[PDB]
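Asker: Please read through the structure below; I'll follow up with questions.
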């Protein structure tokens, strides 16, 4: 179990 | 007790 | 910032808390991921883990949420999805 | 069309599956919610519940995922988040 961020545009 | 639902946005 | 609740399986004041929290996040951060981080972490804290947050202007989702722990709302020009699995 | 894996905590095979499955979804559906539904149901079917999927061109996220059950990728001009809690 872990935590992580994602970010998108385009 | 779990439920399943969809969301949609374009704004 | 106009708040509009789209879909909610969640108590009145917990919903209000989602809006308030999201408001603080939008005041501090501009990046959707960081905004998402802020909200998620505060809901872990006040209402116990484990929450997940999605913030954006364009996305669709299909998730399974624990009962009484789901909100989907607009706050100004972004949509926010917050839920316990 | 063009697949690009951004972050993956997931086997190379199950990654390639996620791509193949998402490709099927885009072939059949146009609406992000439906695409996400297709992907989530299929992964629930082949690798057991509970999966959650987000499909979009503009969003950020912060979620808590199961070890070896997290992927985030682009496929053509759409981003896809798929994970178990």
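Chains as they are written, first to last, in the entry's author numbering: chain D, 237 to 246; chain C, 236 to 246; chain A, 4 to 88; chain B, 4 to 88. Ideal placement from N, C-alpha and C gives every residue a C-beta, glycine not left out.
Please tell me whether residue 20/B has its Cβ less than 9 Å away from any Cβ of chain A.
Answerer: no
Asker: Within the same chain, show all residues whose beta-carbon is closer than 7 Å to that of residue 5/B, passing over the 5 residues directly before and after it, in chain order.
Answerer: Contacts found: 79.
Asker: Could you compute how far the alpha carbon of residue 81/B sits from the alpha carbon of residue 50/B?
Answerer: 24 Å
Asker: Use the C-beta contact count for residue 61/B: other C-beta atoms within 10 angstroms, 16 or more gives buried, fewer gives exposed.
Answerer: With 16 or more other Cβ atoms from the protein chains shown falling within 10 Å of its own Cβ, residue 61/B counts as buried.
Asker: Quick one: what's residue 62/B bridged to in DSSP?
Answerer: 244/D and 59/A
Asker: Taking only the alpha-carbon atoms, compute the straight-line gap between residue 19/B and residue 15/A and give it to the nearest angstrom.
Answerer: The straight-line gap from Cα to Cα measures roughly 42 Å.
Asker: What does the Cβ neighbour count give for residue 41/A, buried or exposed, with the cut at 16 atoms within 10 Å?
Answerer: buried
Asker: Extract the residue ranges of the alpha helix (DSSP H) inside the stretch 8-76 of chain A, only unbroken runs of 4 or more that lie entirely within it.
Answerer: 15-31 and 35-50
Asker: Going straight from the alpha carbon of residue 59/A to that of residue 45/B, what length do you get?
Answerer: 25 Å
Asker: When you compare only the Cα positions, how much space is there between residue 83/A and residue 35/A?
Answerer: 10 Å
Asker: Reducing DSSP to helix, strand and coil, say where residue 80/A ends up.
Answerer: coil
Asker: Residue 86/B and residue 54/B: beta carbons closer than 9 Å?
Answerer: yes
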